[PDB]
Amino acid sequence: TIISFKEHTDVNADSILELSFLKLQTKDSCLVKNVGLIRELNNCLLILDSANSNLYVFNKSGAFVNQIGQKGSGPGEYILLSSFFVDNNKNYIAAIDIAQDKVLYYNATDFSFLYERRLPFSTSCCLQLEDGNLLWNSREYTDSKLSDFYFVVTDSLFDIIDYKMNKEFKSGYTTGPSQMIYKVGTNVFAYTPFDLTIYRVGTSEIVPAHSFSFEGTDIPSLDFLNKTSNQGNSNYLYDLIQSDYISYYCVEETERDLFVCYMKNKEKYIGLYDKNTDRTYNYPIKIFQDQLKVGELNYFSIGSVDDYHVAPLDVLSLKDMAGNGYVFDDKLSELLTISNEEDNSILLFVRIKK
């Protein structure tokens, strides 16, 4: 049923969470601006830099293994990656290039290029359902039937099996995260920016799994959206941020916990839910990052690793904080002292401790 988040909590985040840090290796062949998305594969970390659109492979220890494909307009090359996935059998890695309207398939074992196909429709993110069919999101708002739904399930070959979740508010402007589909074991879950509900989505099912409520705020109404968007024609995002409503919200789930980052009154918050105890804890990120002694926490990467939530930290930004006597975490400061000003992000691995 409901996961109620109260505004404040007087419990320190340091006590209820267990931390870990990892330094990513910094070579000319593997420079990283942003850690947009992350996935485990054997004893490696698949990382997508959605700022520069490079797909990299790193090791558990932080060593660079290899790049998956490269940038360019040819076959097997890409311009702007929004997402990727590993098939259930671990044969291929399929990356989605939204700039060139294609899907590129690489080998899951050796990382070489296999083949490329065109995207069947306007979409940014996809995942393989346990039965083998593919769940894609629908980024359409035109005449098309697909424009009246949030997601769509297709077969291996991309022919549409069924359209999923009715989309009332239609617009060219999207507000939520780019990746709004994830896995927990074999089950695939999905969610939308104007419905505080996570649905477990199969080929012939839409069943809610979690619903949220936050004290003193909520998602925008349908009327508020249409008035501030001229029925979908204009960008409501500015007016949305001026209101008391929930501006943005992303969800990452593991076996033990569930983190909910969101925006309200122009400020970033994070709600932690401990599934074992059934307890919620809400923190403004300004408070959250100072309590864990990590300086800045601009965003959480989508994906998790051994049930740990990932958050890349900017080295230079933190080194200046350290230089100004910022009281850092023992293990973070140890890695920060051996890091050059130009080094890639130090990843924060964090979860609810049992």
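In case it trips you up, residue 1 is the first one in the sequence shown, and so on.
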Using only C-alpha atoms and the B-factors in the entry, which stretch averages higher, 140-148 or 69-77?
140-148
Of 226-234 and 270-278, the stretch with the higher mean C-alpha B-factor in the deposited entry is 226-234
Of 187, 174, 82, 133, which one's C-alpha B factor is largest in the deposited record?
174
Hey, what third does residue 314 fall into on Cα B-factor, ranked over its chain?
lowest
Could you tell me which third, lowest, middle or highest, the C-alpha B-factor of residue 300 occupies within its chain?
highest
Could you look up the Cα B-factor of residue 264 in the entry and say which third of the chain it sits in: lowest, middle or highest?
highest
Residue 241 - Cα temperature factor, lowest/middle/highest third of chain:
highest
Quick check on the deposited entry: does the C-alpha B-factor of residue 29 sit in the lowest, middle or highest third of its chain?
middle
